[PDB]
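*Asks:*
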Amino acid sequence: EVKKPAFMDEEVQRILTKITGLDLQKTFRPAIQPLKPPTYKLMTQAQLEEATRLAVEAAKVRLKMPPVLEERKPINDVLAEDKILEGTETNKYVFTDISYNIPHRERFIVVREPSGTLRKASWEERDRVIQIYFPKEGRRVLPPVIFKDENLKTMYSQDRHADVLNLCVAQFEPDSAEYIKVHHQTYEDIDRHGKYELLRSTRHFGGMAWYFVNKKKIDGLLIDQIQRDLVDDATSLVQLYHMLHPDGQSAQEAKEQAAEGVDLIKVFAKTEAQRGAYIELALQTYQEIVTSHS
Amino acid sequence: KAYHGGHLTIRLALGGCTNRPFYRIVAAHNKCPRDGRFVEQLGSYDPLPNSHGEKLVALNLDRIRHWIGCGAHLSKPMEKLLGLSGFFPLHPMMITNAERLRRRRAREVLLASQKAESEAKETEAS
Amino acid sequence: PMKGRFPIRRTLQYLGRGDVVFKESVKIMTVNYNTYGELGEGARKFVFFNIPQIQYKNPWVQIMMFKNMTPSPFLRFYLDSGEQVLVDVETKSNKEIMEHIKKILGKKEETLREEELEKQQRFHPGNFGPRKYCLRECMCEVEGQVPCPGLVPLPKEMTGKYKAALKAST
Amino acid sequence: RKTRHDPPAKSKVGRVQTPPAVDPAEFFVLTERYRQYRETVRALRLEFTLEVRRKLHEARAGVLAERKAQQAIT
Amino acid sequence: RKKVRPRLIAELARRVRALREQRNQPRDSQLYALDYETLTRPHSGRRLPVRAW
Amino acid sequence: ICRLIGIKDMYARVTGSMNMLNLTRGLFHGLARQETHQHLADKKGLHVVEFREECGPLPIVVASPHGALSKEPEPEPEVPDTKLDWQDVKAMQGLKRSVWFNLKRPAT
Amino acid sequence: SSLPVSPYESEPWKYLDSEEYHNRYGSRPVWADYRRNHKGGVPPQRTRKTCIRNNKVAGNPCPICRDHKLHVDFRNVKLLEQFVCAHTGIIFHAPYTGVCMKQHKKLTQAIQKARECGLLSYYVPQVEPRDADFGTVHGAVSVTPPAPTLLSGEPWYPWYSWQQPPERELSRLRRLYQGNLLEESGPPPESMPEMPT
Amino acid sequence: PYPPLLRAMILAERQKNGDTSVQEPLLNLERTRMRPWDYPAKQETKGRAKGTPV
RNA sequence: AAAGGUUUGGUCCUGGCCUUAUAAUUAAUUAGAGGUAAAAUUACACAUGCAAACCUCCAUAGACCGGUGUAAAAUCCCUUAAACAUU
Ligand code: FES
Ligand SMILES: [K+]
Ligand SMILES: [Mg+2]
Ligand SMILES: [Mg+2]
Ligand SMILES: [Mg+2]
Ligand SMILES: [Mg+2]
Ligand SMILES: [Mg+2]
Ligand SMILES: [Zn+2]
Numbered sequence: 063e064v065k066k067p068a069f070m071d072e073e074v075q076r077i078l079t080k081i082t083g084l085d086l087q088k089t090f091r092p093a094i095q096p097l098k099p100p101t102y103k104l105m106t107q108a109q110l111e112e113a114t115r116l117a118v119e120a121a122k123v124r125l126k127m128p129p130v131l132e133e134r135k136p137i138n139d140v141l142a143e144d145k146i147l148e149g150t151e152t153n154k155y156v157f158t159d160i161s162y163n164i165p166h167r168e169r170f171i172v173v174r175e176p177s178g179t180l181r182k183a184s185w186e187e188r189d190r191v192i193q194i195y196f197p198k199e200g201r202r203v204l205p206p207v208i209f210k211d212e213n214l215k216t217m218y219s220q221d222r223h224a225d226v227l228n229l230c231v232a233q234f235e236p237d238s239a240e241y242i243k244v245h246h247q248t249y250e251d252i253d254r255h256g257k258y259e260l261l262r263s264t265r266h267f268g269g270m271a272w273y274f275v276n277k278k279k280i281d282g283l284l285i286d287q288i289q290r291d292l293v294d295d296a297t298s299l300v301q302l303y304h305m306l307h308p309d310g311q312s313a314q315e316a317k318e319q320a321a322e323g324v325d326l327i328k329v330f331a332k333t334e335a336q337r338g339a340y341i342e343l344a345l346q347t348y349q350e351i352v353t354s355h356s
Numbered sequence: 010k011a012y013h014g015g016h017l018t019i020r021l022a023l024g025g026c027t028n029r030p031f032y033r034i035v036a037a038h039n040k041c042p043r044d045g046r047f048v049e050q051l052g053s054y055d056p057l058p059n060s061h062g063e064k065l066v067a068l069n070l071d072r073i074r075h076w077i078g079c080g081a082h083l084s085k086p087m088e089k090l091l092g093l094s095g096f097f098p099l100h101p102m103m104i105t106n107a108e109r110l111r112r113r114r115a116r117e118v119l120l121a122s123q124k125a126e127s128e129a130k131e132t133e134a135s
Numbered sequence: 002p003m004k005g006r007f008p009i010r011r012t013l014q015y016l017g018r019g020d021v022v023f024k025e026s027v028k029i030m031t032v033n034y035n036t037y038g039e040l041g042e043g044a045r046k047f048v049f050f051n052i053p054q055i056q057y058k059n060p061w062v063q064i065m066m067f068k069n070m071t072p073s074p075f076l077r078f079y080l081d082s083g084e085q086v087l088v089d090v091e092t093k094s095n096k097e098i099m100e101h102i103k104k105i106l107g108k109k110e111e112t113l114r115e116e117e118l119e120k121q122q123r124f125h126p127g128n129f130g131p132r133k134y135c136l137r138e139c140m141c142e143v144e145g146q147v148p149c150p151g152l153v154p155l156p157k158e159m160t161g162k163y164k165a166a167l168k169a170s171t
Numbered sequence: 027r028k029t030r031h032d033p034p035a036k037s038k039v040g041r042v043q044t045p046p047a048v049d050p051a052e053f054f055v056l057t058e059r060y061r062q063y064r065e066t067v068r069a070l071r072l073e074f075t076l077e078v079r080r081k082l083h084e085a086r087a088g089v090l091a092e093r094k095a096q097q098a099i100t
Numbered sequence: 003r004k005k006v007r008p009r010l011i012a013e014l015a016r017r018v019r020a021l022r023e024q025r026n027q028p029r030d031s032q033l034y035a036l037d038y039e040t041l042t043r044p045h046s047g048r049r050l051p052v053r054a055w
Numbered sequence: 325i326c327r328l329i330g331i332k333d334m335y336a337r338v339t340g341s342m343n344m345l346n347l348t349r350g351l352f353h354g355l356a357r358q359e360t361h362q363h364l365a366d367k368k369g370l371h372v373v374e375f376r377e378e379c380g381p382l383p384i385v386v387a388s389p390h391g392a393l394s395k396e397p398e399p400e401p402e403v404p405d406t407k408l409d410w411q412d413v414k415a416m417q418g419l420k421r422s423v424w425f426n427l428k429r430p431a432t
Numbered sequence: 042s043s044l045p046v047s048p049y050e051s052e053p054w055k056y057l058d059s060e061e062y063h064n065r066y067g068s069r070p071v072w073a074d075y076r077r078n079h080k081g082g083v084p085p086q087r088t089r090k091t092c093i094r095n096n097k098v099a100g101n102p103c104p105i106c107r108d109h110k111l112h113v114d115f116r117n118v119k120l121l122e123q124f125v126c127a128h129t130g131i132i133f134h135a136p137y138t139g140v141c142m143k144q145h146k147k148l149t150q151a152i153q154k155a156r157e158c159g160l161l162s163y164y165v166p167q168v169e170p171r172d173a174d175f176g177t178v179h180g181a182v183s184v185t186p187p188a189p190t191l192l193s194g195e196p197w198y199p200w201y202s203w204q205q206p207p208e209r210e211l212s213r214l215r216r217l218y219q220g221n222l223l224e225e226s227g228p229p230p231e232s233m234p235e236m237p238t
Numbered sequence: 165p166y167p168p169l170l171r172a173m174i175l176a177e178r179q180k181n182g183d184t185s186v187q188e189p190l191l192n193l194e195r196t197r198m199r200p201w202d203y204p205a206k207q208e209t210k211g212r213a214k215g216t217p218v
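Chains as they are written, first to last, in UniProt numbering: chain A, 63 to 356; chain B, 10 to 135; chain C, 2 to 171; chain D, 27 to 100; chain E, 3 to 55; chain F, 325 to 432; chain G, 42 to 238; chain H, 165 to 218.
1) Compare the Cα-Cα distances from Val386/F to each of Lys395/F, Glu396/F, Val373/F and report the closest residue.
2) Go ahead and label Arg76/A buried or exposed: buried means 16 or more other beta carbons lie within 10 angstroms of its beta carbon, across all protein chains shown.
3) With a threshold of 16 other CB atoms inside 10 Å of the CB of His112/G, please say whether the residue is buried or exposed.
4) So who's on the other strand from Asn33/C, going by DSSP bridges?
5) Is there a C-beta anywhere in chain G that falls below 8 Å from the one on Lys428/F?
6) Determine the direct distance from the alpha carbon of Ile164/A to that of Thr18/B, and round the result to whole angstroms.
7) Is the Cβ of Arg72/B closer than 8 Å to any Cβ of chain G?
8) Taking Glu194/H as the query, report the chain G residues whose CB atoms sit under 8 Å from its CB, ordered along the chain.
9) When you compare the CB positions of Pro48/G and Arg116/G, do they come within less than 8 Å of one another, or not?
10) Identify which residue in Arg59/D, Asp32/D, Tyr63/D, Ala98/D has its Cα closest to the Cα of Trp203/G.
11) What does the alpha-carbon distance come out to for the pair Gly330/F and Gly151/C?
12) Write down the C-beta distance between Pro204/H and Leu180/A rounded to the nearest angstrom, noting that I regard them as a contact closer than 8 Å.
13) Quick one: does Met198/H have its CB under 8 Å from some CB of chain D?
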């Protein structure tokens with residue numbers, strides 16, 4: 063079977079990086095944090111261009127996309143059932159192995175319940191206790207209150223989606239249900255309000271386009287990419303959609319006509335586009351502006 | 010102090026404040042003060058239920074195994090913790106005490122039934 | 002104004018810029034240089050600029066310097082095995098001398114990194130204790146755990162004063 | 027706590043031991059639990075003692091230990 | 003340093019004390035004698051435990 | 325004087341004599357003989373670039389030479405011969421400051 | 042004993058947009074035109090504990106206390122912004138604005154609560170995921186093969202359960218501790234008896 | 165058998181190292197067998213009481 | 001230190017003293033409750049009670065915990081060897 067493309071596939075990372083874009087001014091926007099007096103260097107045009115190159119190298123490492131994973135499966139394993147200890151304790155004991163050189167997902171965290179059952183700690187219990195003994199800067203032991211739907215909607219009204227996602231990465235694990243819930247809610251709000259520009263030149267753009275492709279709702283991103291004159295991006299998105307859905311009518315139509323460039327986007331409109339009429343209109347208007355002006 | 014004689018032991022060192030106990034599992038020479046000089050800290054024990062109702066024990070099982078392999082004795086409270094965790098077998102007195110509690114509650118239940126039967130006799134008298 | 006010439010040499014940041022960390026075999030480094038001449042200029046700068054940095058990173062190595070004893074400047078290292086490594090530094094820049102000694106008798110970056118990690122093996126984040134040694138002194142500081150009675154009064158039922166009263170009442 | 031050179035208390039001259047009373051059924055069961063419990067813990071303490079000595083020998087004279095020593099000399 | 007000075011009395015005391023112990027060693031007939039009326043050892047005045055009476 | 329000029333963020337230390345006239349004459353003397361970034365680019369012919377720790381490695385060009393940009397890199401000595409003030413350096417050497425230093429004060 | 046009653050108690054944010062606020066304060070912070078009265082040039086490192094005691098106001102009420110309509114609430118973000126550094130995002134210490142220690146604590150809690158609910162913006166650093174590897178196939182997070190005793194339902198070790206002593210051994214103990222014995226106990230209840238209530 | 169947690173840690177290590185087996189970890193008690201508590205002890209190394217009378 | 005006050009008929013320089021900040025003890029005046037921490041004139045003399053036992057005899061322990069800052073430039077850090085009244 064032809065393997066389903068992955069998020070980390072070298073081809074997917076190429077396309078997702080391209081559509082995301084780069085902007086040294088947005089990637090290195092000044093942080094509102096304690097400040098220090100700036101330093102100054104006299105540089106030639108050769109040295110200045112070299113410095114810009116290193117800045118673009120850092121912007122690449124800065125824009126590294128966070129993992130997109132499937133929801134973890136509940137841990138429900140009972141190590142022992144010592145019924146002799148039933149009724150001798152009122153509160154659960156949680157035992158955490160805190161050996162330094164063990165990966166956190168390979169640590170043994172067990173719970174001795176009042177009934178006497180010795181079981182493995184659940185996912186929510188595992189993450190809480192690992193914060194208490196291996197604290198991570200940015201993460202809190204108890205789930206914050208900013209992730210509540212009412213609080214999240216407030217952040218969306220202020221157009222603070224990149225923060226909602228940066229907070230979701232410091233707090234929750236990539237495979238946790240809360241992580242997937244918050245990300246899918248942020249991506250969904252961007253679509254309805256056409257706020258795709260907020261996450262451009264950010265590490266969160268790749269996951270957003272991935273989510274739309276898998277959910278077959280790239281229509282809005284194509285319309286918005288075209289209206290911003292980013293039609294190379296729109297074509298690459300249609301390539302990614304024809305890669306993760308090979309047996310789709312749209313992918314089979316592009317093979318029949320050997321479509322390339324702007325042709326690929328036109329094929330998508332007729333075949334699988336939820337709102338094909340608008341993609342053609344925006345694509346047509348773009349062609350008219352380009353042809354008329356140049 | 011300059012001790013002469015004694016052995017290394019794994020025990021609980023009491024910390025915290027009044028009515029708020031907190032324990033540090035440590036490996037220390039047995040003659041040292043309870044909260045004084047130790048060799049290594051091997052974990053912690055919080056005996057008070059937290060917001061989720063969980064008493065939290067942390068055990069550095071790699072260092073604990075190291076010090077038991079070098080002759081370190083265990084205090085009876087620490088042997089009870091290792092038994093509840095599953096790293097050691099349940100201590101004999103953990104089982105015996107649980108059996109005593111079972112025999113003691115059986116008497117209480119029987120006495121209540123006898124009292125209820127005596128109360129039933131009062132109901133019969135009316 | 003800091004006294005002397007090139008007062009930057011007497012700053013901790015400058016002293017820490019030295020990169021030559023000798024191998025454990027190195028025990029002594031005798032420096033023979035001439036105060037007058039043209040082919041010994043690099044050696045004079047090496048004594049002026051580099052010897053402080055070398056000593057700072059190698060506190061246990063004996064650096065003894067001799068002046069105007071030979072026609073040409075040279076460096077001779079004495080190793081613990083008994084070997085003597087002679088280096089000729091005439092017509093060589095001070096930077097060139099530092100790079101030469103680093104190659105032949107300097108520890109590699111990989112070796113130095115491993116030692117740093119080993120030094121910190123016994124520090125654990127989960128460990129509780131004084132600020133000098135640990136992040137948190139008590140579990141009361143942790144979020145969700147019962148707070149310290151001093152900061153937050155405990156519930157009456159969790160207090161010995163209250164419990165003792167009930168036992169008398171019983 | 028008192029030193030060996032301190033005088034004994036006068037309120038405690040009368041003291042004599044009062045050994046606890048023994049339940050035959052539970053005393054015997056408990057004696058067997060201690061024997062079997064201490065056997066298991068001695069087997070585990072021995073296994074822990076071997077991991078300590080194995081790990082120490084690997085570091086002192088393991089494959090990796092020997093190669094690095096000659097690599098430095100070369 | 004060099005202001006730490008010998009302690010002749012301390013050295014003399016240790017040796018002298020140890021010698022007396024060897025000279026005046028007790029015998030089993032004295033250390034383990036017993037008074038059967040009180041079940042107490044006369045040497046040390048150590049009363050035997052109850053389960054041994 | 326700084327409020328009269330419009331300077332909002334600065335540090336200064338005054339030592340020696342506290343003569344008010346000499347402090348005002350010396351203050352204006354120094355503030356009027358400073359060198360703007362645009363001036364420095366013209367004198368040396370090179371770009372003046374700025375590196376902020378809150379902006380990462382992003383190079384910020386604050387002044388470009390008015391005429392011809394040079395191609396000879398400015399000499400960077402291995403060890404500079406700058407004359408350093410003990411007062412500035414002493415802090416970074418880990419020496420304890422006075423109890424009067426950096427006290428909490430009202431907004432200026 | 043009659044402190045004035047603010048009309049904006051329910052909606053504190055309204056005051057900061059009203060014409061009355063603009064006339065009194067303009068576009069400068071509410072602490073701009075406040076000065077503290079103290080001996081010496083170096084001021085005390087703490088401000089006064091509180092400006093209001095039992096409906097009485099102190100001589101020089103602090104910026105918050107002097108204006109009763111000003112309300113320190115997490116929803117009144119425009120007021121809270123004035124007490125946070127725009128460039129560094131650090132809350133100013135009490136001497137900086139001259140607020141009393143009581144209101145400074147109240148302001149700090151309101152700012153912290155406003156940030157937690159997202160009403161007041163702050164800088165979120167970018168942090169990498171916790172784990173280098175995200176596999177969940179280790180036994181700790183997976184299913185361990187059930188032990189033979191667990192499948193059968195037996196105790197983990199045989200001595201965990203009560204094993205009736207042999208009759209000869211019970212007699213051996215009755216002789217050894219003759220005269221200091223307790224009533225012999227039989228097998229304990231199979232389960233924990235439900236607590237009588 | 166091994167204690168419940170210590171048995172799970174052994175089986176988990178097996179899978180990590182690629183050792184595939186359903187063998188049950190077992191402790192060997194032969195090497196560490198305890199004498200009875202009343203077993204005669206070594207008199208040669210035992211202490212003797214001092215010669216100071218009370 | 002972000003400094004200020006004070007030499008003179010007056011100015012500049014030099015220079016000390018003092019003020020403003022922070023904390024501990026004692027004292028004057030004054031004082032509701034609750035939680036927590038700490039408790040401290042004195043190596044001067046001490047009434048009284050208690051602070052080390054356990055345990056089938058042998059042994060083990062009372063060499064610890066607790067207290068004070070006597071003596072002493074007394075030490076820190078490091079190397080080597082050796083035992084251990086030990087496990
Ligand atoms: S310091 Fe943690 S309970 Fe008080
Ligand atoms: K003066
Ligand atoms: Mg015996
Ligand atoms: Mg004069
Ligand atoms: Mg007083
Ligand atoms: Mg002590
Ligand atoms: Mg003295
Ligand atoms: Zn106030």
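For each residue, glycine too, the CB sits at the ideal point set by N, CA and C.
*Replies:* Taking the structure as given:
1) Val373/F
2) exposed
3) buried
4) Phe67/C, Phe75/C
5) yes
6) 25 Å
7) no
8) Chain G residues near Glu194/H: none, gap ~18 Å exceeds 8 Å.
9) no
10) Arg59/D
11) 49 Å
12) The Cβ separation is near 41 Å, so there is no contact.
13) yes
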